[PDB]
Structure formats: C-alpha cells, structure tokens
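S.K.: enclosed are the sequence and the experimentally obtained structure.
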Amino acid sequence: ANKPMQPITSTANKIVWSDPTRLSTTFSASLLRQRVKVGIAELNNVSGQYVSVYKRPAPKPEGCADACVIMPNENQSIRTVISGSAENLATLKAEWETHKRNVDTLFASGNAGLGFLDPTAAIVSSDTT
Amino acid sequence: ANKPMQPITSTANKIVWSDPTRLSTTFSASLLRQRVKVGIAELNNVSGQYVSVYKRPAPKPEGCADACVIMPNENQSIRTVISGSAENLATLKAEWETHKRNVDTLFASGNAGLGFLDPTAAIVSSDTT
Amino acid sequence: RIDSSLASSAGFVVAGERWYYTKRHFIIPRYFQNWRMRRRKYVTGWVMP
Amino acid sequence: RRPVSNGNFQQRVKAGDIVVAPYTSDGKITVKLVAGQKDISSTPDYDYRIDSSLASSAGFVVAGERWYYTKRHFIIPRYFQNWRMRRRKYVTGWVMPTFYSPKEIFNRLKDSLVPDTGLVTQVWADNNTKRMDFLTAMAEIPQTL
Amino acid sequence: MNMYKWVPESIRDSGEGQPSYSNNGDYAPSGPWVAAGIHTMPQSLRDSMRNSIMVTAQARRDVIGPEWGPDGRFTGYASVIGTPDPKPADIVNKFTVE
Amino acid sequence: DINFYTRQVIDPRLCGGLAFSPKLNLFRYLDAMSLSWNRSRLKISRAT
RNA sequence: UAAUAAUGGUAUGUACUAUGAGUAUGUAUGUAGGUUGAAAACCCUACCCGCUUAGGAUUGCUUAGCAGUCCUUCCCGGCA
C-alpha cells in the first residue's frame, strides 16, 4: 500500500527518483567506479552513493492536530555511500546487513537518534563463530 | 552466532568498536548535534554519522600465490549519516527502513553493486496510501 | 504444485532458510506449496526461415 | 592406437581455442580357454568303508587320539568307522570349450559403442545453469553500450 | 520426436501456503515457530514474486537449460523424449560490393 | 579380459546444441535501437 | 642523473556547504637512488606491475583430455 515514485533525471551515472504526488521527497543514486591496483593487483572498486531526503513538516504542537494550522517544513536527509571491490560483492553484500542491524540496534531500537550514546550497546561484526 | 565487537575508544561524541579477534574491522558511530530554529520554535537537530569498515584480503588469485602469501588487504567501507529533528524520530524510524528497503532493491537484489544502474527499478516513498 | 524458490530477495528478510516477509512471521522458499502449474506434452520441429 | 594431432596446438591455445579430438588406447583383449573332463558313461561300482576321518575335530574335545564329544564318551576316528561310500568307474574325455576371437569381440564392442544421452543431457544442463547465471549478470552491458 | 516443455502463463496461487510465525520475536533462524495463515502475505508482494517467477520461467523455456532441482525446486524444464531432433546449422550468405 | 580407452566427439551436427545458444536473447535485444545510433552519426557527419 | 618548469592530475583525510559530493586545504604520488629549484622532486638510473608490437614454446601429446600460461622484442603507462 506504499506509493511508488518514478525517475526524473536519467544519466549514465545518476538516476533521480521523485514522487509525483509530493515532489518534495526524492531518492537519487549516483555511483562512480575506479580502476585501482591496491596490492599491485587490479581491483574493481564501485562507489555507490545514495541520498534520500524528505521535507516533512512535523513540529505539530501538543494535541493540536485540529485544524488548518500549517507548520514550516524541516529537512530529513539520509546519505549512504557504499564503496568496495565488485569481485568481493557477495561478501560485501553480507557485510551490508551487518551494517543494517548494527545501526538498527544502537539507533533504530537504541536511543542514538535523540543524540545519546550507549557504549554498552550490542555491536556485532560480519563474521561468525 | 556472529562474533561480538567491543569498543576501543569511547567519547561523548564518537564511540569506535572493534573485534577483539581482529581489530582491523571497525564500526565508528559519530554524533553531531546542533540547534536549528525554523518555525519560531527551536528544534533538536541530530546529525548521526555511522561508518562501518571491514577489511578482507585480496580477491585471492588462483594458484601461483596460494602457498604462504596474501596479496595486500583491501578496504570495504559503508558510510551512513542520518539528519533531521529529534522531535520526530518516529517518522525518521519509518523512513529509515524505507530507505533500507529502497537501497536493497538497487543493491541487495539489483546489480547496482557491480556498477550498473536500473532505471526500471521499483522504489517507494516512506509514506503509505 | 512444487514451490517458488528464487522468487525475490528485496523486502523479504532472509534468515537461513527462513525468509521474513514481516518483522516476526516468515516464509520458506521450498515450503511455499500454493502454486498450480501446467506442464504439457509438446511435439516440436526445427523450421528454416 | 589411433592418435590425432591438432597442428599448432600451443598456437591455437594462445589464440584462445578449446580443442577436442577422438582418441584410442593401445588396449589389449585376450580370450583364454581351459579344457575340462567330459563324463560320458559309467557302470562299475564298489562300496568302501575304510576310514571316515577326513573331517577335522570341530565340535569335539581333543585328548590324544580321543575325540571327546561328551564328558563320559569319546571316539577315535582313526578306528571309528561308520560312514560307507560308493566308488564308480567313470568314463571321461578331454572337452575343449570354445569362444569367439578378441578380433570380432572388439569389432562387436566398437559397433555397440553409443554415447549416453542421459549423461549428455545432464552435463549440458549443468553447464547451462552457470551459463544462465553469467548471462543474467551480463545482461545490463549492452544497455550501457 | 516429442519434447516435454514447461508451460508458463497458466499458473494460479492456490492458497496452500503456510507462513511460519516465529516465537522469538525477531529474524532469528532458530527457536520455535508456528504455522500461520496465508492471509498475512500481502497481495501486491505475492503478485510481484509470482510475476518474477513468470518472467524467469518464460526466459527459461524451450532451452533444455536447467534440470529439476535436487530438492525438487523446478526451473524452466525441458525433458527430452527419445533422441533429440538435430538442429540445422545457422547458414550464412554473403555478398561483397565491388 | 578387456582393457582399453576411447574418446569420442559429440557429433555437433546431431548433438552439440540443446543449449541456450547465446545468439538469442541478445539478437532479439537492442540490436535495432543500438543500430539507430545512425541518428548520432548523421548529427556528427553534418558538422564534420 | 636533469634543470627551467605549465608542476591544469590522481588517491586518501580535514572544515564549510549539501534535495552537491561541490568548495578549500593537509598528506602521498608502484619500489629505492642522484639532483638545485617551483620540496606536491622537476627529471635520469635500477627493480617490480599492467598495456601495446609480432614472434616463438614438444606442437603435439594423451588408457585424462590437456590450457586459460610462459620468454623476448616494439611498447606506453603506475606525479605532472
């Protein structure tokens, strides 16, 4: 039941998505690949940088969801940059959900969004026992 | 079970975790709080940075060097910064998983990892019908 | 009937064999036994345009 | 042996070609036939008792020449004779079995040589699976082109 | 000759699925689970993955490409009956303008 | 006693197909619109 | 061995900006030497790595199918 969006700017590097219903929100993806020899051996490094921004005005004073009371808009931007060797993409993928849960534990389920920090929060790595 | 990761450097802003077994892998989560006034009402702004870096040696060329030697280690980095006001984390949580679901189609399922886009992708916004 | 493995990966949360379509519930690819399939007898022959 | 050369083998390998060719080994096929006795008739016969100690002392207790089967009784098969046999005068000759020559055996075998369609199909499917994997991976390239 | 061929574009979701309800309250691959009703699976996602299977099966058709899965998971399947028919070679005719 | 080895071709006239033949799914693919780069070639030739 | 330089580059971090990875900056320019200066060491030597040139390797061998390489030359690149 989630409204999809459709591309705006098409490029060999950048694709810009945006909702026709609400043009404020958008999601774009640009990526740059580089031809690299790190240990005198060639590597396929691809750097996919992703932005997702939503202009959601939600101060919403206490119990005042009542009438035509418009609030000024505020920004919510999410920047993600994934860079690594394409040959090791399979395990690079495997590392990726580890980043998901790690952020989710400390922030989504934790309380890092308010600006607090818990050094004792359970942080786990990709490899297993 | 995946091996737990323990902090190495704790601070009111930056906490850096690392695996005791191999400390080369790191997960540094930095915070950056500022005061933003927009709608004649100060709002709590948090710029939550999360950097997950894993190191996996070489693409391991077949034969030849597979005796006692390893080609220099590569770097795999995923950087994420989350912005927005702290008064509306509830919607920030909702969009984050939406961003998670959005990035998955391009990266986890699509071939964006190898470096090729997909203008015919199917992404959706945080909001719902 | 059979199953529907290799269907899709996005949205589903993979936990080994378990594919979580939601936070708590999950489905399994080789246990998804709800599809009706037609397989037919075919006589074929190469043709030269 | 029927070996076949592909010409400039190494040159073609450097060019990047895979090579196949029929081959045969210097194998050998042997046929050995061993003659046997062929009984044709018999008539005379005679009954022998003599000795019945051909068997060993399994299931008996050995005490000198005594074969103890119970704690109070024993036998000496050197003198304990209770089995009577029959011996006849068979008439036998040398019969020589015959078999086909390895020449025609190998001819029939090479005529019967037929590739395994099931194995061929299975191996083709095994290759085609990873072929499809790579095709699906590479499908996006001409779009960039 | 005859050729067993897979027949896409003629499928239906019979609703015999049994989603499993994890008692662990997470994406844990262990612990207890309960079989749940198929009403929980979204119609839109069900249709999406059904169409994905449709396009994959259509692509893997008349190819004799894959075989039947060791676990029973089918693919685009084509079983040969008897000897397969020989396929004529793709001929070429070329002309050069002088 | 029989012991020998033989190797045989897959007589590609009869067998040797039964595969995907990667000609297809690429020949039916963009070969037309990619050829349609005649537009760009005409553009560059005009200014050439 | 080598200096004048145009040292318009690249990669990696910093502060601002960011519905942008743009701005400016530090650092280093495959590995070590000679060298003033513009010490971001310009350039030559030596050693590695990847291109290119056109020649080759037992080209046949194999009771199995090999093999996805190796050497030299032309050869331009891994700071200008």
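M.R.: All right, it came through fine. Numbering: from 1, shown residues only, chains lettered A, B, ... in the order given.

S.K.: quick one, longest strand in the chain?
M.R.: This is for chain A. What stands out as the longest strand in chain A, according to DSSP state E, is strand A:42-55.

S.K.: hmm, no, I was thinking of chain C.
M.R.: Under DSSP E, chain C gives strand C:35-43 as its longest strand.

S.K.: what's that strand packed up against?
M.R.: The contact analysis (3 or more C-beta pairs under 8 Å, 6 or more residues apart in numbering or on different chains; DSSP states H and E) places strand C:35-43 against strand E:2-13. For the C-beta atoms, the positions are set from N, CA and C on the backbone; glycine is no exception.

S.K.: what residues does the strand it packs on touch?
M.R.: Contacts to strand E:2-13, defined as C-beta atoms under 8 Å, 6 or more residues apart in numbering or on different chains, come from residues C:34-44, E:46, E:50, E:53-54, E:57-58, E:60-62, E:74, E:76-82, E:84-85.

S.K.: measure how far it is from the centre of its chain, please.
M.R.: 10 Å (C-alpha atoms, centre = their mean, to the nearest Å).

S.K.: so which bits of chain A are right by chain D?
M.R.: residue A:12 (C-beta under 8 Å from any C-beta of the partner chain).

S.K.: can you give me the helices for chain A?
M.R.: Secondary structure of chain A, counting by DSSP state H: helices at A:89-103.

S.K.: I'd like to know how many residues surround the residue of it found nearest chain B.
M.R.: The nearest approach of chain A to chain B comes at residue A:39, 3.0 Å away (C-beta to the nearest C-beta). For residue A:39, the count of nearby residues is 13 (other C-beta atoms under 10 Å in any protein chain shown).

S.K.: and it, what does it touch?
M.R.: Here residue A:39 is in contact with B:58, B:71-74 (criterion: C-beta under 8 Å, 6+ apart).

S.K.: what's the angle from the longest strand of chain C to strand E:2-13?
M.R.: 160 degrees (axes from the mean of the first three to the mean of the last three C-alpha atoms, to 10 degrees).

S.K.: now strand C:35-43: buried residues?
M.R.: Counting neighbours by 16 or more other C-beta atoms under 10 Å in any protein chain shown, one finds that the buried residues in strand C:35-43 are C:35, C:37.

S.K.: same question, stretch A:116-129
M.R.: So for stretch A:116-129, counting by 16+ other C-beta under 10 Å, buried means A:117, A:121, A:123-127.

S.K.: partners of the longest strand of chain A, with directions?
M.R.: strand A:26-37 (antiparallel), strand A:75-85 (antiparallel) (DSSP bridges).

S.K.: single out the most deeply packed of those.
M.R.: Mean neighbours per residue, mean count of other C-beta atoms under 10 Å in any protein chain shown, is largest over those for strand A:75-85, with a mean of 20.

S.K.: is RNA strand G contacted by that one?
M.R.: Yes - using C-beta under 7 Å from any atom of the strand, we find that strand A:75-85 touches RNA strand G at A:75, A:77, A:79, A:83.

S.K.: stretch A:36-51 now?
M.R.: Yes - residues of stretch A:36-51 are located near RNA strand G by C-beta under 7 Å from any atom of the strand, namely A:37, A:40-42, A:49, A:51.

S.K.: now the buried members of these.
M.R.: Using 16+ other C-beta under 10 Å, the buried ones in the residues of stretch A:36-51 next to RNA strand G are A:49, A:51.

S.K.: what is the nearest of the residues of stretch A:36-51 next to RNA strand G to residue B:9?
M.R.: residue A:49 (26.7 Å; C-beta to C-beta).

S.K.: got the CA positions of the longest strand of chain C in CSV?
M.R.: Output of strand C:35-43 as CSV, limited to C-alpha atoms (Å, rounded to 0.1, in the frame of the first residue of the first chain):
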residue,chain,number,x,y,z
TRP,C,35,1.0,-22.7,-6.8
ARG,C,36,-0.8,-24.7,-9.5
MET,C,37,1.4,-25.4,-12.6
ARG,C,38,0.7,-26.7,-16.1
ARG,C,39,3.2,-28.9,-17.9
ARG,C,40,2.2,-30.2,-21.3
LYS,C,41,3.3,-32.7,-24.0
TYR,C,42,4.9,-30.9,-27.0
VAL,C,43,5.9,-32.2,-30.4
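
S.K.: ok, for residue E:89, nearest residue in space, not its chain neighbours?
M.R.: Once flanking residues are discounted, residue E:89 sits nearest to residue F:13: 7.7 Å by C-beta to C-beta, 6 or more residues apart in numbering or on different chains.

S.K.: what about residue C:8, distance to chain D?
M.R.: Relative to chain D, residue C:8 is positioned 14 Å away (C-beta to the nearest C-beta, to the nearest Å).

S.K.: that residue against residue E:47, yeah?
M.R.: No - using C-beta atoms under 8 Å, residue C:8 makes no contact with residue E:47, being 11.3 Å away.

S.K.: tell me which of those two has more neighbours.
M.R.: The residue with more neighbours, out of residue C:8 and residue E:47, is residue C:8; 17 against 11, by other C-beta under 10 Å.

S.K.: ok, now how distant is that one from residue C:20?
M.R.: Relative to residue C:20, residue C:8 is positioned 13 Å away (C-beta to C-beta, to the nearest Å).

S.K.: can you get me a residue count around the residue nearest to residue E:89?
M.R.: Counted with other C-beta under 10 Å, residue F:13 comes out at 12.

S.K.: for residue A:103, which non-adjacent residue is closest in space?
M.R.: residue B:50 (5.2 Å).

S.K.: next: residue A:86.
M.R.: Nearest non-adjacent residue to residue A:86, counting by C-beta to C-beta, 6+ apart: residue A:44, 3.7 Å away.

S.K.: all strands for chain F, in order.
M.R.: Using DSSP E, the strands of chain F run over F:2-3, F:6-7.
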